[PDB]
Every structure is written in structure tokens, then in C-alpha cells.
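Peer 1: Enclosed are the sequence and the experimentally obtained structure.
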Amino acid sequence: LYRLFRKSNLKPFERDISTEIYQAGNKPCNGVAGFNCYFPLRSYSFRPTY
Amino acid sequence: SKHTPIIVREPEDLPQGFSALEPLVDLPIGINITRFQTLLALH
Amino acid sequence: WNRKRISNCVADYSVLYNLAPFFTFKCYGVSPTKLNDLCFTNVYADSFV
């Protein structure tokens, strides 16, 4: 599992594993995922043909 | 840590003088800690 | 194509991100939140149906 965004640059060796949805836009997301409501955890789906 | 016995006066705080503390305990915890609290023996 | 070479200007995607009708904001290669901080030689915009 990876991400594309987090709210701040981390200090060295911190283990913030929180999956709180980022409100990138002005939308009050509050758990509703979508555009400008980006869920953190994503996957890359590694294939042998990559 | 350091420990000293003082018996001269009770109500005054932080007795005047110089004392050297010594290293005892190291613990690789790796925890983001911003707050703490202390425990008391209660009846 | 309706490919318009949007260039020689600083692009503000915050208008499209913040106004009401536009909904999808997927981005590849760069983060979708860094677009207003990003400069381009050419912005190839292909408005399609």
C-alpha cells in the first residue's frame, strides 16, 4: 500500500499510519471518498508484464 | 537518575546546591509522544 | 483534435477544482494538488465528448 499525498512532510522515522481522508478541495468529505476527497491508501498492482 | 536524602528542612523546595545526575536507562521506543502523566498510589 | 497549445501563461487549475460543475480531478505523472504550483512549456488540452 502506498499514497499520493499527505498533509505535511514527515520528520525522520515517524510511523503515521492514519488513513484519514484528505480534504484537498473545499468539500466537507468526512469519510466520503472521491475527487478532492482522496483516500490515502492505494495499490500499484505489480504484474509480470510490467 | 539521582537520589539524595535531605533531613534539614521539610517545607522548602529545590534545595540550594549542585548535584550530578548519572545515565542509567536507554529504550528504543520510537513513539511520537507529546504528552505525559504521572501515577499515584491510591487507597 | 481540439488540442489548444496553452502556453506563455501561468495555469490556474484551482478555478476548475473549486467551481461547482467540474467533478473528476484525476491526475497522472504529477500530484493533483501541486498543479497550481507547476509550470508548463505547453498544456495540451483536449476537450472531448
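Peer 2: The structure has been received and is ready for your questions. Numbers count the residues shown, from 1 in each chain, chains lettered A, B, ... in the order given.

Peer 1: Quick check, the residue in chain B closest to chain A?
Peer 2: Going by Cβ to the nearest Cβ, chain A is nearest to residue B:32 of chain B, at 5.9 Å. C-beta: built from backbone N, CA, C; applies to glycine.

Peer 1: Quick one: the helices in chain C, in order.
Peer 2: Counting by DSSP state H, one finds helices in chain C at the ranges C:14-18.

Peer 1: Looking at it, what residue ends up closest to chain A?
Peer 2: Nearest to chain A, among the residues of chain C, is residue C:25, at 4.4 Å (Cβ to the nearest Cβ).

Peer 1: what about the nearest residue to that residue once chain neighbours are set aside, how many neighbours?
Peer 2: Nearest residue to residue C:25, sequence neighbours excluded (Cβ to Cβ, 6 or more residues apart in numbering or on different chains): residue A:35, at 4.4 Å. Residues lying near residue A:35 (other Cβ atoms under 10 Å in any protein chain shown) number 15.

Peer 1: Which positions in chain C make contact with chain A?
Peer 2: Counting by Cβ under 8 Å from any Cβ of the partner chain, the residues of chain C close to chain A are C:17-18, C:23-26, C:31-33.

Peer 1: Thank you, goodbye.
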